[PDB]
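Next up is one chain by itself, shown in structure tokens, the form deposited in one PDB entry.
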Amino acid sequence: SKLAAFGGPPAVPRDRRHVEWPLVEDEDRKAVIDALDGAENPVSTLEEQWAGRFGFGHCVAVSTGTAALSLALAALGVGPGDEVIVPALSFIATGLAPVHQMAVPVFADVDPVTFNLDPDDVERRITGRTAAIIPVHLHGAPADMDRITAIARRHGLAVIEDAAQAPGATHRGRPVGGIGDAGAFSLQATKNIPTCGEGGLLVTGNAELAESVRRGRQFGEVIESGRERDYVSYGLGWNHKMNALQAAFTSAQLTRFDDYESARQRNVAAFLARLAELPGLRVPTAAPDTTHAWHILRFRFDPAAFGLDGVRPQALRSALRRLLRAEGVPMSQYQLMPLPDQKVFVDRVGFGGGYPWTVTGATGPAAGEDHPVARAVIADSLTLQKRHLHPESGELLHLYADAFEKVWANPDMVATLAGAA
């Protein structure tokens, strides 16, 4: 009954807080060992299975989601002198991928509710140098792909979807990743369809684009089923290969995806339904005609609902974080600043001597407007990560909802803590 922050019993007991993700089964361990003793290519098997499951024409497995993005940019002819529009609220990889291919990232502000890049702001940041847009399906919510693709067609721009956080998500019934020229997925251990470590997938309907990525991931060489390696390279490449063990693991995970996905959708829906009744709590939503993957759950908190007029949203954010964490809900932030505030994008040194910015002459202060929506979202939001992804987390999320309802039953204390902070 009484708040756990002040000695009371926690709404979530300590022995019920731990969640293993990834969820490793014996089938996963066997797949890994089989791949070890099978030194019949797990990587190409995963490529085929991913493409088959999600209806893509081509799938190229690579080291990371970041490499997928950078290799896609290269395949689409993006490089020195080119600008790539990316969201101001994002994982840093989306902003770095352009830099990795010696292009300049340009940051568009996001939507206050979807948290995805605002097509209207995208349009405002187009220049003669713009070559591509990387819409992110942030947190699992598909971006406004109708508007983004329309803008791209008008200005002759490439579109690469960053679907790292949105496997299984759909836009007008279409699998994310297959709407743009190419789509990038990340198979990191924290992801909705994980690998045991690092991995990435690049998908596309374009055979030439796929071949470019296939060569680029292996020093520009052509590696054939059972032909001797001649070390002949056909262009600039990297070592962006995916490990076979990690590929085999992900193939095993895919066999349970549909079941895990069903559980997540049900569990998250029931969780958000309870939190949505709490005043000044905005649960995350899928935009109309899309489905959310629920990789991360971001909640916005309105001070008005606690009669906290004229006090900073950050003060309420802190108060709620302290209270909810004490009850045993591991509420976090995800990104402390918009990407434009990150040192790499402020200093604009890059590889050295200001490159890639030196090419465009964008060494001085950042062109265009600030990003007030990204900043506002960060100011008043907390996130839940990981725990809700496990198919058996139903009871845990029930206890989380207990904790939220409990915190909201003490509005006077919230205001006191927020008033002090």
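All residue numbers refer to positions in the sequence shown, first residue = 1. Heads up, when I say rigid core I mean the largest set of C-alphas that superpose within 1.5 Å between the two forms. Shifts are known only where both forms have a C-alpha.
There is also a form deposited in another entry; it is not shown, and the following applies to it.
**Student:** Pick out the one residue among 172, 343, 227, 153 whose C-alpha shifts by 2 Å or more between the shown form and the other one, once the rigid core is superposed.
**Tutor:** Among the listed residues, the one whose C-alpha moves by 2 Å or more is 227.
**Student:** Comparing between the shown form and the other one on the rigid core: C-alpha of residue 366 shifted by 2 Å or more?
**Tutor:** After core superposition, the C-alpha of residue 366 moves 2 Å or more between the shown form and the other one.
**Student:** What happens to the Cα distance from residue 182 to residue 367 in the other form: does it get closer or farther than here, with a change of 3 angstroms or more?
**Tutor:** It is farther: the C-alpha separation of residue 182 and residue 367 rises by at least 3 Å in the other form.
**Student:** Since the CA distance of residue 85 and residue 366 differs by 3 Å or more in the other form, is it closer or farther than in the form displayed?
**Tutor:** Pair moves farther apart in the other form.
**Student:** Please identify, after superposing on the rigid core, every run of 3 or more consecutive residues whose C-alpha atoms all shift by 2 Å or more between the shown form and the other one, listing them in sequence order.
**Tutor:** After core superposition, the displaced runs are 226-231, 363-369.
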